[PDB]
Amino acid sequence: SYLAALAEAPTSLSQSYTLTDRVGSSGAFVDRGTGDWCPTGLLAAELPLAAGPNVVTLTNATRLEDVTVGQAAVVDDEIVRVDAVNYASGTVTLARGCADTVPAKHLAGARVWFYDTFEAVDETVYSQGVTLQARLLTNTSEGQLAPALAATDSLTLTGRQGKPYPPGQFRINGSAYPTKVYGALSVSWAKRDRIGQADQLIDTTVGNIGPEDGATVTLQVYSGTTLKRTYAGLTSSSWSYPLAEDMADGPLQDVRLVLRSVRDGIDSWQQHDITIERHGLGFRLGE
Amino acid sequence: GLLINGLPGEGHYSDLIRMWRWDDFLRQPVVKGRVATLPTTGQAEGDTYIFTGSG
Amino acid sequence: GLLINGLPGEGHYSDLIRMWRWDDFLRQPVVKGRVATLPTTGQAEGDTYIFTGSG
Amino acid sequence: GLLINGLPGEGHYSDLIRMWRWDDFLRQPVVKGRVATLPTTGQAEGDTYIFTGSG
C-alpha cells in the first residue's frame, strides 16, 4: 500500500506545503517531501447514480484553468475521468465508475479533487492495517509553518491496490440501474483485469477487457435484509435466477443485488448494491 | 397430461391475454355446429365450430 | 358473443380481482334457489340465488 | 362459501401459478380412479385420483 495527500492553498502567497508523517500515534515525524496544490471544486447539484458522461457545475473552483482533459479525479470514494471543461462557467463532464470504483450518490457540497499530477506521495512502503498520523505544513517565502499549528489526521490502510477491480458494465435486462423489470431477470457484468488496463482509465460503458489470472465473480442474493442465495465462482458475463429457487423463495418484489469480484478470498474494496422492483405476471397485482 | 406453467415473465402479457380470452369463453362450452373446414366468411365473436377437417 | 379483452393496463387490477372472484366461484355452479328479488338480508359468501325479477 | 380474494400484492405469484394450474386442469374434470391413499409411485402430470382416505 502507498499513501498520498492532497491540499488546497490557503492564501495566494503560499507556494507549496511539506509532508510530515509517522507510524502509529507515537514517534517523531520524518520529512517525506513537498507537493503542489490540488485543484478542487464544490458540486452545486447532486450527482445521480448513472453511468457514462454527466454534466456537473462546480462552485468555488480553484485552479480550474490548469485542469486538463483525461485526468483522473476522485470524489468521496469514486474515481472519475474528465471529458470536457468550461473555464468561464466551471462546468465539466465526468465519466462515472472508472478505475476501481463504482458510482455512488454524492450530495451537494461534495469536494472534487483532480489529484492527477497534483499529489504528494510518500515513497516508503507500508503494510495494510497500519494507522498513520500525518500533517501538512505550508511553505512561503517568509519561511515554513510551525508544526504546532498544523492540523492532524489519521488513515487506515486497506491494500487498495491489492484488491481486484469490481465488475464494470452493470446492465439489467438492457437497462442501467432500472427500477422496473418485466419478469425474467437478466444481469450482465463486465470482467476487469487490473494488470491489462495498467494506467488507462476505462469506465463502465466499455465492454469486456478480459479476466484476470485467478479472478472470478461472486454474487449475493438478499431478501431486502436477509441473505437467501449466494452464487460464487461465476465466470460468464451474465446470470439468470434459476427457476428451481423461485418457488422456494417465492415472489421477491424487493430484490437487493450485490455484485463484487473475489480472487483468493480477496474481496473488492467497493461493490454494487441496489434494491430493484419487479413487475409482470405474479408481481405487484395489488394494482 | 399437458401444462403451461412457468412462463418467463417477459412474455407475461400474452399469457395474460390468454387467461382473459379462455376464461371469457368458458361461460358456456357451446358449438354452433361441426365443420370439416374453418369458416372463411360469416364468423365473429361467439361463433364456435368444431374443426374436424382431416389432419 | 362478448369479450372482456384488451383493457388499458392501468386498470387491470379491477378486472384481475374480477376474474379471481369468478374463478373462485366456478368450483361448482350451484344456485340455492330462484328469487324474483335480491335478498336484502340473511346472505353471505357462498349464497347464490337466480335473480329472475321483472326487468 | 369461500374466497381467495384477500391477499397482498407481494405473495400472489403463487396465486397466479395456481390460476395457471387450476384453469388448465379444469379442461375436463376427470379422475383416473378413487384412491384411499396418495399414489407414492407411478404418477405424473395428467394423473388425477380422488384421495378418499380416512380423515
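### Concerning the interface of chain D and chain A
Taken together, the contacts link 8 residues of chain D with 10 residues of chain A. In total, about 760 Å² of surface goes out of reach between chain D and chain A, with carbon and sulfur atoms giving 67% of it. Area buried by chain D at its contact with chain A is led by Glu10, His12 and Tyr13 of chain D, which between them contribute 63% of it. Summed over the shared surface of chain D and chain A, the result is 0 salt bridges.

### As for the relation of the copies chain B and chain D
Superposition record for chain B on chain D: RMSD 0.6 Å, screw rotation 120°, translation along axis 0.2 Å. Considering both components of the superposition, the chain copies are consistent with a three-fold axis.

### A word on the packing of aromatic side chains
In this structure the tally under the stated criterion is 7 aromatic pairs over all chains. Taken together, a centroid distance of 5.6 Å and an interplanar angle of 75° make the contact between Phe283 of chain A and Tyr13 of chain D edge-to-face. Residue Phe283 of chain A is located in the segment after β23 (272-279), and its partner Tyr13 of chain D is located in helix α1 (residues 13-25); the two belong to separate chains. Taken as a pair, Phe283 of chain A and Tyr13 of chain D share a single burial class, namely buried.

### A word on the sheet that holds strand β17 (residues 186-188) of chain A
Residue and element names in this part refer to chain A. The sheet built from 4 strands is open, its strands ordered β15-β14-β17-β20 with antiparallel pairing. What marks the edges here is a single partner per strand, and that holds for β15 (175-176) and β20 (238-240). Here strand β14 (residues 171-172) pairs with β17 via 2 bridges, running antiparallel. When the bridges of β17 are listed, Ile172 appears paired with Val187.

### Looking at unusual backbone geometry
With the exception of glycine, most residues fall at negative phi, and the peptide bonds are largely trans. Residue and element names in this part refer to chain A. With phi around 60°, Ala198 is a residue other than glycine that occupies positive phi space. Here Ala198 is to be found in the loop between α1 (194-197) and β18 (216-222). Using a relative accessible area of 54% as the deciding quantity, one classes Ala198 as exposed.

### Some points on the interface of chain B and chain D
Of the residues lining the interface, 9 residues belong to chain B; the matching set on chain D comes to 8 residues. Summing both partners gives a buried area of about 840 Å² for chain B against chain D, and 57% of it is carried by carbon and sulfur. At the boundary of chain B with chain D, the tally comes to 0 salt bridges. The interface formed by chain B and chain D contains 2 residue pairs in polar contact. For the side of chain B that touches chain D, a count of residues per class yields 6 nonpolar, 3 polar and no charged.

About the cut-offs
- Residues are labelled from 1 along each chain in written sequence order, independent of how the entry numbers them, and those without coordinates are excluded.
- Chain labels run from A onward and ligand labels from 1 onward, assigned in the order the entries are written.
- The structure shown is incomplete relative to its larger assembly, and all values pertain to the part shown.
- Heavy atoms from the whole structure form the basis of all side-chain values; hydrogens and water molecules are not counted.
- Throughout, a residue-residue contact means that at least one pair of heavy atoms, one from each residue, lies within 4.5 Å.
- Summed over both partners, the accessible surface that disappears when two parts come together, traced with a 1.4 Å probe, is what is meant by buried area.
- Salt bridge, as applied in this entry: a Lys or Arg side-chain nitrogen positioned within 4 Å of an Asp or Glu carboxyl oxygen.
- Copies superposed on C-alpha atoms by least squares.
- Between 30 and 60 degrees the pair is tilted, below 30 it is stacked and above 60 it is edge-to-face, where a pair is any two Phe, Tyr or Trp rings, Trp via its six-membered ring, whose centres lie within 6.5 Å.
- Counting from the N terminus, the helices are the DSSP runs of H or I reaching at least four residues and the strands are the DSSP runs of E reaching at least two.
- Burial classification: accessible surface area is computed with a 1.4 Å probe over protein chains only, and a residue below 20% of its type maximum counts as buried, one above 50% as exposed, and the rest as partly exposed.
- Any two strands with at least two DSSP bridges between them are considered paired.
- Any pair of N or O atoms that falls within 3.5 Å is considered a polar contact. Within protein, one atom must be able to donate a hydrogen and the other to accept it, and sequence-neighbouring residues count only if both atoms are side-chain atoms.
- Side-chain classes are defined by residue name, with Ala, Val, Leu, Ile, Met, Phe, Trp, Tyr, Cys and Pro counting as nonpolar, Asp, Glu, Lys and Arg as charged, and the others, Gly among them, as polar.

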